[PDB]
Amino acid sequence: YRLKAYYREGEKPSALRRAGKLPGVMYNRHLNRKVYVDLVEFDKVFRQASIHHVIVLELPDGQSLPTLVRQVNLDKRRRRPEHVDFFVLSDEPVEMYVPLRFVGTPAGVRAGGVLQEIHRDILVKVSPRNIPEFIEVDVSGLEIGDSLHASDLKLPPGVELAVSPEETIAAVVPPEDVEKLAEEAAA
Amino acid sequence: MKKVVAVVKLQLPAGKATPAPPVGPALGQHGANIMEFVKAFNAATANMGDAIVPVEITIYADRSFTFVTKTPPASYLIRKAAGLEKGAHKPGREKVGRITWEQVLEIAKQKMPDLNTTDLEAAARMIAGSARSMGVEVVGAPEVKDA
Amino acid sequence: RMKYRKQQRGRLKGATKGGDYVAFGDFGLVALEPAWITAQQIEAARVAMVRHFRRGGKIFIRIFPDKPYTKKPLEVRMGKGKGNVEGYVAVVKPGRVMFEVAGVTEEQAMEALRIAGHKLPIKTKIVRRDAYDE
Amino acid sequence: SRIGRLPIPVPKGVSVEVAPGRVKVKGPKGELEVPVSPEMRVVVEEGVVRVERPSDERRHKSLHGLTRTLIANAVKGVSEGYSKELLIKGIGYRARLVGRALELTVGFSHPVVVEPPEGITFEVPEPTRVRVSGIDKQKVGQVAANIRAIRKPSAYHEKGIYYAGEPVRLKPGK
RNA sequence: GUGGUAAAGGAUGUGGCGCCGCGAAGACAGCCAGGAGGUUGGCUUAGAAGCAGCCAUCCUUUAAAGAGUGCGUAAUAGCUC
Ligand SMILES: [Mg+2]
Ligand SMILES: [Mg+2]
Ligand SMILES: [Mg+2]
Ligand SMILES: [Mg+2]
Ligand SMILES: [Mg+2]
Ligand SMILES: [Mg+2]
Ligand SMILES: [Mg+2]
C-alpha cells in the first residue's frame with residue numbers, strides 16, 4: 001500500500017494531534033527522521049495493512065519508501081493512535097510477523113467446540129522480497145484437547161522461523177455452558 | 001369441476017390404520033365415512049408396500065377427502081438401507097449410520113413423480129441433503145469432475 | 001489466593017496501566033470510569049454471558065480481585081475493620097480491557113457484553129478487534 | 001416524498017382567495033376559512049394552488065406539508081364535500097331522525113338525542129345506519145366520533161356503534 | 001423556564017462531522033399479483049404439521065418466496081413481511 005507523508009520539526013505534538021495529523025518517525029540502521037501523516041488515511045490503510053503487509057510512504061521529495069510498522073503507541077481511554085514508528089526496509093533479511101489462515105474447521109468445533117487461535121501471526125526472519133500474504137494451516141484433525149505448535153507448519157519456500165519451534169500456534173478449547181454452573185453451584 | 005373446504009395433512013401406513021388419534025380428531029369431529037372412503041383408500045395402498053405415506057388430504061365441501069398418495073417422508077428413505085426406525089437425536093456430534101449416495105439414487109426414483117423436481121441429478125441431493133439434518137453423511141465418486 | 005492480611009485503600013490516579021488491547025477472543029468489553037469491581041460483579045457478568053448463549057464459545061477475564069475490602073460491624077472506632085464483607089475487589093481504570101469473548105457471532109457477543117455492561121458500576125464500551133496489535 | 005411541494009388541483013369552479021395568515025375557499029356547497037402560518041407562501045396559480053416554505057429547517061417542512069394538506073382538504077371540502085358513515089350493531093339497537101336531530105336506542109335507560117352543528121347534516125337510511133355529511137372535514141370527523149362515543153364497540157360482542165368498514169376484533173369469554 | 005442547579009439507563013429531540021449499504025439499469029415508502037412443492041425438517045414429546053425446546057448448513061417450478069419474522073390454533077389453515 002501507499003500513503004502520503006510529510007516532514008516534521010519542532011511543532012507541538014499535541015497541536016499536531018489536534019490537527020488530526022498523526023506524528024511518526026521513519027528510520028532504519030541508516031536513516032532517522034521526524035515525520036507525520038494524516039489520521040483518516042492511516043486508518044483506512046492500517047485496517048488492511050497492519051505490520052504484515054508492507055507499505056510505501058510518499059514524500060514531497062518524490063521519494064517512495066519501503067516502510068514497515070514496528071510499533072504504534074496507543075492513548076488510553078477509548079483506543080486511539082498516538083505515534084507511529086516506521087522501519088524503512090532495505091534488502092537484507094529482517095524480522096517481522098506474517099499472518100495466518102486456519103483453513104478447514106477442526107473436529108472439535110463440529111462436535112461443539114471453540115477455536116482458541118493463540119497466534120494470529122508468526123514472527124519469521126525473511127528477505128524484503130519474500131512477503132507471503134498468508135500461510136495456510138491444514139488444521140482439521142484437531143479435537144477439543146489437541147493443539148498446533150510451531151513445529152508442524154506450512155514453512156514457506158526459503159523462509160525460516162525466528163520464534164521457538166515448540167511455541168504453540170493454536171489450540172482448541174471446550175465450550176462452557178449453563179450445565180457447568182450446576183457443578184459450580186456445588187463445589 | 002371439484003369442491004374443497006379444508007386441506008389437511010395426515011400420516012398413516014399404506015394398508016394398516018385405525019380411527020385413533022391424531023387421525024381421529026382429524027376426521028372424527030369433521031365427520032368421515034369409512035365405508036366407501038377407505039374402500040378407495042385401501043385400493044391405492046393394496047399393491048404398494050408398507051410405509052408412512054403422507055397422503056395429502058384436502059377435505060371437500062361435501063365432507064369427502066382427496067386420497068392422492070404422495071411419496072413417503074424424507075426421513076423414510078434414508079433409514080431404509082440402514083434398517084433404522086428413526087435417526088440421530090443430535091445430528092452434529094452424533095451419527096446413527098452413514099449410507100453411501102448409491103442407496104440414495106435409486107430410492108429417490110420413488111420420490112419424484114409427486115415431486116416437481118425434474119431430474120434425478122437434482123433429486124438425489126434432496127435425499128442426501130435432508131439426511132445431514134437427520135444424522136447421516138455420504139460418500140460418492142463422480143461429483144464435480146470439471147476439466 | 002494467599003498473601004497476608006488486609007490492605008490500604010489508595011486513590012486511583014489517571015488510567016495509566018488501566019488501559020490495554022484485545023489479546024484473546026474477538027470482541028471485548030472496556031471501561032470508561034475508575035472503579036472497584038467486587039468479586040461478586042465479575043461472576044454476575046460471567047454467569048449473565050453464559051446464561052445468554054448456552055454452550056457458547058469461551059469467556060475471558062483479564063482482570064482479577066486481590067484488593068481486600070474492609071468493613072466495620074456498624075460501631076465506633078477500634079482499630080481497622082476486619083472486613084471482607086464484600087471480600088475482594090479489582091481496581092479498574094478507564095480503558096482497561098475487561099471481558100473477552102470468542103466463537104460467537106456479532107449479535108451474540110454484542111448482546112452478551114451489553115448485558116454484562118449493566119451488571120457493572122461503570123459506563124462500559126464494546127470494542128471490535130480493529131488491527132492495532134503489538 | 002414531499003406532500004407540500006405537490007400542487008393542489010382546483011376543480012372548476014371554486015374561487016380561492018389568499019389573505020395575511022388566512023385563505024378563503026369558496027365553493028358550490030359553502031365557504032371555508034383556513035388558518036395559514038404567516039411564514040408560508042400561498043400561491044394562487046391558474047387552476048392550482050401551491051405552497052412554498054421559507055426554508056428547509058424542520059419546523060418549516062412540518063408546516064409546509066400540514067399547510068398543503070389543510071388547504072387541499074378545504075378545496076375538496078367545498079366542492080365534493082365530506083361524509084362518513086356509521087354502522088349500528090345490536091339487538092335492541094336502532095336509530096331514527098327527528099327534525100334535524102338524531103335519536104339513538106343504544107340500550108341505555110333513555111333514548112339519546114344529538115343535535116347537528118352549523119354546516120352539518122344527519123342522515124338516517126336504514127334504521128341501523130347513520131350517514132354524517134358536511135363541508136368541513138374535521139368537523140364531520142369530530143361529529144361522527146362524538147356520535148360513536150355514545151356507545152363504543154364491545155370488546156366481547158358485536159354490540160355498539162362502528163365506523164364504516166371498521167374491523168371487528170373480539171375477545172373470548174368463558 | 002433548560003439556564004434556575006442530581007446519576008445509572010432510555011428516545012424518529014435539534015444542529016454538526018464521517019464511514020458503510022441501496023438508487024436514474026428506476027430504488028425506500030404506500031399501492032395491484034404470488035407468498036408455494038417432497039416438507040408435516042431430524043429428534044424429543046399426550047398434541048410439535050413454517051411456529052415450547054435440543055440440533056443445525058438440501059433442492060427445484062420460477063421474474064419470486066429466507067428447510068422459515070411474529071401473531072393465531074390442541075395440532076391446522078390464516079394475516080403478512
Ligand atoms: Mg516476544
Ligand atoms: Mg484457585
Ligand atoms: Mg485518601
Ligand atoms: Mg459513641
Ligand atoms: Mg450501566
Ligand atoms: Mg326501558
Ligand atoms: Mg443518559
# chains A, B, ... in the order shown; residues from 1 in each chain; ligands from 1
>>> residues_near_ligand(ligand="ligand 7", cutoff="12 Å", atoms="only C-alpha atoms (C1' of nucleotides) and all ligand atoms", output="list in words")
residues 123 of chain C; 7, 8, 9, 10 and 11 of chain E
>>> residues_around(residues="residue B:59", least_positions_apart="3", cutoff="6 Å", atoms="only C-alpha atoms (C1' of nucleotides)", output="PyMOL selection string")
chain B and resi 4-7+64-65
>>> closest_atom_pairs(of="chain D", to="ligand 6", cutoff="10 Å", atoms="only C-alpha atoms and all ligand atoms", output="Markdown table")
| residue | atom | partner | partner_atom_place_in_ligand_line | distance |
| --- | --- | --- | --- | --- |
| D:105 | CA | ligand 6 | 1 (Mg) | 9.9 |
| D:107 | CA | ligand 6 | 1 (Mg) | 8.1 |
| D:108 | CA | ligand 6 | 1 (Mg) | 7.5 |
| D:109 | CA | ligand 6 | 1 (Mg) | 5.1 |
| D:110 | CA | ligand 6 | 1 (Mg) | 7.0 |
| D:111 | CA | ligand 6 | 1 (Mg) | 9.0 |
>>> residues_around(residues="stretch 41-48 of chain D", least_positions_apart="2", cutoff="10 Å", atoms="only C-alpha atoms (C1' of nucleotides)", output="ChimeraX atom specification")
/D:7-23,36-39,50-54,64,67-68,71
>>> write_last_selection(atoms="N, CA, C and O atoms", output="compact mmCIF listing (two decimals), in the first residue's frame")
# COMPACT_ATOMS: atom_id res chain seq x y z
N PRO D 7 -48.54 20.25 -5.96
CA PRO D 7 -49.56 21.28 -6.18
C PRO D 7 -50.98 20.78 -5.96
O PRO D 7 -51.30 19.64 -6.29
N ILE D 8 -51.83 21.64 -5.40
CA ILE D 8 -53.22 21.29 -5.15
C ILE D 8 -54.09 21.57 -6.37
O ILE D 8 -54.18 22.71 -6.83
N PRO D 9 -54.72 20.52 -6.92
CA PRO D 9 -55.63 20.69 -8.05
C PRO D 9 -56.87 21.49 -7.66
O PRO D 9 -57.36 21.33 -6.54
N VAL D 10 -57.35 22.35 -8.55
CA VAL D 10 -58.54 23.15 -8.27
C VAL D 10 -59.63 22.90 -9.30
O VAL D 10 -59.49 23.27 -10.46
N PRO D 11 -60.73 22.26 -8.87
CA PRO D 11 -61.86 21.97 -9.75
C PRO D 11 -62.60 23.23 -10.18
O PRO D 11 -62.63 24.21 -9.43
N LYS D 12 -63.17 23.21 -11.37
CA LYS D 12 -63.98 24.32 -11.84
C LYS D 12 -65.41 24.20 -11.31
O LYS D 12 -66.07 23.18 -11.51
N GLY D 13 -65.87 25.23 -10.62
CA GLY D 13 -65.06 26.41 -10.38
C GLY D 13 -65.21 26.92 -8.96
O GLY D 13 -66.24 27.47 -8.58
N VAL D 14 -64.16 26.73 -8.16
CA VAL D 14 -64.14 27.23 -6.79
C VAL D 14 -63.14 28.37 -6.65
O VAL D 14 -61.95 28.22 -6.94
N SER D 15 -63.63 29.53 -6.22
CA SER D 15 -62.78 30.70 -6.05
C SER D 15 -61.92 30.57 -4.79
O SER D 15 -62.43 30.26 -3.71
N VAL D 16 -60.62 30.80 -4.94
CA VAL D 16 -59.70 30.74 -3.81
C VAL D 16 -58.99 32.08 -3.64
O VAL D 16 -58.38 32.59 -4.57
N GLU D 17 -59.08 32.64 -2.44
CA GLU D 17 -58.52 33.95 -2.16
C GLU D 17 -57.49 33.89 -1.04
O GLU D 17 -57.76 33.34 0.03
N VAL D 18 -56.31 34.46 -1.28
CA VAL D 18 -55.25 34.46 -0.28
C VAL D 18 -55.38 35.68 0.64
O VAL D 18 -55.80 36.75 0.21
N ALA D 19 -55.00 35.50 1.90
CA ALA D 19 -55.10 36.55 2.90
C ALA D 19 -53.96 36.44 3.91
O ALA D 19 -53.45 35.34 4.13
N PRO D 20 -53.56 37.56 4.51
CA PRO D 20 -52.48 37.52 5.50
C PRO D 20 -52.79 36.59 6.67
O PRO D 20 -53.52 36.96 7.59
N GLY D 21 -52.24 35.38 6.62
CA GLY D 21 -52.45 34.39 7.66
C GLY D 21 -53.66 33.50 7.44
O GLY D 21 -53.89 32.57 8.22
N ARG D 22 -54.43 33.77 6.40
CA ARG D 22 -55.66 33.01 6.14
C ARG D 22 -55.84 32.74 4.65
O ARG D 22 -55.19 33.35 3.82
N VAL D 23 -56.74 31.82 4.32
CA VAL D 23 -57.16 31.64 2.93
C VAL D 23 -58.63 31.27 2.85
O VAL D 23 -59.10 30.35 3.54
N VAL D 36 -53.48 29.91 7.99
CA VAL D 36 -52.14 29.66 7.48
C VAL D 36 -51.10 30.36 8.33
O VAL D 36 -51.30 31.51 8.73
N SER D 37 -50.00 29.68 8.62
CA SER D 37 -48.89 30.31 9.31
C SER D 37 -48.33 31.42 8.43
O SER D 37 -48.09 31.22 7.24
N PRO D 38 -48.12 32.61 9.02
CA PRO D 38 -47.64 33.80 8.31
C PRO D 38 -46.30 33.59 7.60
O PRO D 38 -45.95 34.36 6.71
N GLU D 39 -45.56 32.56 8.01
CA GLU D 39 -44.25 32.27 7.44
C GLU D 39 -44.36 31.74 6.01
O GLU D 39 -43.48 31.99 5.18
N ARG D 50 -50.48 26.46 -4.87
CA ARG D 50 -49.22 25.89 -4.38
C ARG D 50 -48.81 26.50 -3.05
O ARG D 50 -49.31 27.56 -2.66
N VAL D 51 -47.90 25.83 -2.36
CA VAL D 51 -47.37 26.31 -1.09
C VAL D 51 -45.84 26.31 -1.13
O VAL D 51 -45.23 25.34 -1.57
N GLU D 52 -45.24 27.41 -0.68
CA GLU D 52 -43.79 27.50 -0.61
C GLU D 52 -43.32 27.78 0.81
O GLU D 52 -43.79 28.72 1.46
N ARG D 53 -42.39 26.95 1.29
CA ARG D 53 -41.81 27.12 2.62
C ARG D 53 -40.65 28.11 2.57
O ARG D 53 -39.93 28.19 1.57
N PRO D 54 -40.46 28.87 3.66
CA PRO D 54 -39.38 29.86 3.75
C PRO D 54 -37.98 29.23 3.72
O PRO D 54 -37.07 29.81 3.14
N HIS D 64 -45.04 23.09 6.08
CA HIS D 64 -45.29 23.04 4.65
C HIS D 64 -46.32 21.96 4.33
O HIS D 64 -47.37 22.23 3.73
N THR D 67 -49.78 22.58 5.87
CA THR D 67 -50.46 23.66 5.16
C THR D 67 -51.09 23.14 3.87
O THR D 67 -52.29 23.35 3.62
N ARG D 68 -50.27 22.47 3.07
CA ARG D 68 -50.73 21.91 1.80
C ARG D 68 -51.93 20.99 2.01
O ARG D 68 -52.93 21.08 1.28
N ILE D 71 -55.21 23.03 3.18
CA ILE D 71 -55.81 23.77 2.08
C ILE D 71 -56.44 22.82 1.06
O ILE D 71 -57.54 23.07 0.56
>>> interface_residues(of="chain A", to="chain C", cutoff="6 Å", atoms="only C-alpha atoms", output="JSON, numbers by chain")
{"A": [47, 76, 77, 78, 114, 175, 176, 177, 178]}
>>> residues_near_ligand(ligand="ligand 2", cutoff="12 Å", atoms="only C-alpha atoms (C1' of nucleotides) and all ligand atoms", output="MDAnalysis selection string")
chainID C and resid 1:2 64:65
>>> interface_residues(of="chain A", to="chain B", cutoff="9 Å", atoms="only C-alpha atoms", output="MDAnalysis selection string")
chainID A and resid 110:112
>>> write_last_selection(atoms="C-alpha atoms", output="short mmCIF file (atom, residue, chain, number, x, y, z; two decimals), in the first residue's frame")
data_model
loop_
_atom_site.label_atom_id
_atom_site.label_comp_id
_atom_site.auth_asym_id
_atom_site.auth_seq_id
_atom_site.Cartn_x
_atom_site.Cartn_y
_atom_site.Cartn_z
CA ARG A 110 -18.04 -29.50 14.77
CA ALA A 111 -19.00 -31.60 17.80
CA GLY A 112 -19.39 -28.48 19.93
#
>>> residues_near_ligand(ligand="ligand 1", cutoff="12 Å", atoms="only C-alpha atoms (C1' of nucleotides) and all ligand atoms", output="number ranges by chain")
A: 95-97, 119, 121-124, 162-164, 167; C: 134
>>> closest_residue(among="A:89, A:170, A:19, A:72", to="residue A:128", atoms="only C-alpha atoms")
A:89
>>> interface_residues(of="chain D", to="chain E", cutoff="12 Å", atoms="only C-alpha atoms (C1' of nucleotides)", output="list in words")
residues 1, 2, 57, 58 and 59 of chain D
>>> write_last_selection(atoms="C-alpha atoms", output="CSV table (one decimal), in the first residue's frame")
chain,number,residue,atom,x,y,z
D,1,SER,CA,-41.5,12.4,-0.6
D,2,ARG,CA,-42.8,15.9,-0.2
D,57,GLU,CA,-35.4,23.6,8.6
D,58,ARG,CA,-37.6,21.1,10.5
D,59,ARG,CA,-40.4,23.4,11.6
>>> residues_near_ligand(ligand="ligand 3", cutoff="12 Å", atoms="only C-alpha atoms (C1' of nucleotides) and all ligand atoms", output="short mmCIF file (atom, residue, chain, number, x, y, z; two decimals) with C-alpha atoms, in the first residue's frame")
data_model
loop_
_atom_site.label_atom_id
_atom_site.label_comp_id
_atom_site.auth_asym_id
_atom_site.auth_seq_id
_atom_site.Cartn_x
_atom_site.Cartn_y
_atom_site.Cartn_z
CA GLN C 8 -4.76 0.03 52.33
CA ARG C 9 -7.15 1.90 50.04
CA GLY C 10 -5.07 4.30 47.92
CA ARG C 11 -6.55 6.69 45.36
CA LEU C 12 -6.78 5.51 41.76
CA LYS C 13 -4.97 8.10 39.63
#
>>> residues_near_ligand(ligand="ligand 5", cutoff="10 Å", atoms="only C-alpha atoms (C1' of nucleotides) and all ligand atoms", output="PDB file with C-alpha atoms (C1' of nucleotides), in the first residue's frame")
ATOM      1  CA  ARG C 114     -24.219  -5.411  26.501  1.00  0.00           C
ATOM      2  CA  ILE C 115     -25.891  -7.382  29.301  1.00  0.00           C
ATOM      3  CA  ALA C 116     -22.561  -7.521  31.128  1.00  0.00           C
ATOM      4  CA  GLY C 117     -22.360  -3.740  30.911  1.00  0.00           C
ATOM      5  CA  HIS C 118     -25.431  -3.231  33.088  1.00  0.00           C
ATOM      6  CA  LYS C 119     -24.212  -5.679  35.738  1.00  0.00           C
ATOM      7  CA  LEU C 120     -21.363  -3.217  36.326  1.00  0.00           C
ATOM      8  CA  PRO C 121     -20.912   0.066  38.270  1.00  0.00           C
ATOM      9  CA  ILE C 122     -19.229   1.650  35.231  1.00  0.00           C
ATOM     10  CA  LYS C 123     -20.229   3.124  31.903  1.00  0.00           C
ATOM     11  CA  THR C 124     -18.883   0.461  29.544  1.00  0.00           C
TER      12      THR C 124
ATOM     13  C1'   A E   8     -27.092   4.538  36.007  1.00  0.00           C
ATOM     14  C1'   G E   9     -30.014   3.961  31.857  1.00  0.00           C
TER      15        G E   9
END
